[PDB]
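Just the one chain here, the form deposited in one PDB entry, laid out as structure tokens.
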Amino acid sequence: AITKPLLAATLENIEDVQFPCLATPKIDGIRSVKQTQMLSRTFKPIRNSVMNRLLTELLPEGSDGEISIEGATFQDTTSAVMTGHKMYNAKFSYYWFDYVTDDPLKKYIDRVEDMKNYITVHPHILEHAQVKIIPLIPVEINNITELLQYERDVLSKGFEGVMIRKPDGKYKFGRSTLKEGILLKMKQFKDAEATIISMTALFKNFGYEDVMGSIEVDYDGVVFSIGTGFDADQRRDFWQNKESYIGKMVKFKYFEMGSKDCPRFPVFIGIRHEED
């Protein structure tokens, strides 16, 4: 059984987390759990029956996760899910982040292992023509350094922030608190709009001629490098038109450490627009 969904609670403080903890990326979509068929957060069926069908038929009983459409708005990905379609045919993906088996009093570590095993036992689960299942196997953490890195890591892969779990954690039928530490939400990273100044040549010799390697950036007063965030689409076009890029605007994300105006792990998000 899973009676009420596992709602998370949000972090007001960052040095607020117990250690050897486990973590994954937050998904920006529609919550769905398998009990006979697929359910919404509010436990009425998934109205897109093709979604409901194809999931129940891949996922095992007890799987907790999130429907999303890879690269669509959070509100069109609703229209796909929150509308009863007899004949859907578009591609979408489901994020598997918990699995209940039976007893909900067992530990997250163990729940994850049931998850890991079931995948190795039913490897087609991952290989579907229409539905992409994506299992979020939480990576380990040990430092506050190690966490903040995870968040940087996450955003760069285009996720909103990170979820933090206590290993021995129960499946709570409702919302986790600060102290019980099952699901915390982490969005401690600040989004900002900034100006570039100099590139540096790269360095020649959960998923399943030089080029720019890192920029140097202004952003009101301050001077630091962004290395992480770009791709071989971007990096390879920054370098070629470097003198055409110096000083244009770039959307980024960062954490604020000790009292110096100079971020920790900054991340590139986007090239900014020049319209009205």
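Between two forms, the rigid core is the largest collection of C-alphas that superpose within 1.5 Å. One rule holds for the numbers: they count along the sequence shown, beginning at 1.
- According to the entry, the deposited sequence has 10 or more residues without coordinates between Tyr208 and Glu209.
- Gap check for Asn205 to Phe206: 4 to 9 deposited residues are absent from the model.
- Relative to its counterpart among 182 to 190 and 145 to 153, 182 to 190 has the higher mean temperature factor, C-alpha atoms as listed in the PDB entry.
- Comparing the deposited coordinates for 53 to 61 and 219 to 227, the stretch with the larger average C-alpha B-factor is 219 to 227.
- Taking only the listed residues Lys26, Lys251, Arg47, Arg31, the entry reports the highest CA temperature factor at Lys251.
- Ranked by C-alpha B-factor against the other modelled residues of its chain, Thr101 falls in the middle third.
- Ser244: CA B factor lies in the highest third for its chain, per the PDB record.
- Among the modelled residues of the chain, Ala232 sits in the highest third by CA temperature factor in this PDB entry.
- The entry lists a Cα temperature factor for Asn117 that places it in the lowest third of the chain's modelled residues.
- In the PDB entry, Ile197 places in the highest third of its chain by CA B-factor.
This next part talks about the form deposited in another entry, which is not shown.
- Once you line up the core between this form and the one not shown, the CA of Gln234 is the only one from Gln37, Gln234, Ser49, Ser40 that shifts by 2 Å or more.
- With a change of no less than 3 Å, the CA-CA distance between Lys253 and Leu136 is larger in the other form than in the form shown.
- CA of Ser198 to CA of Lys157: farther apart by 3 Å or more in the other form than in the shown form.
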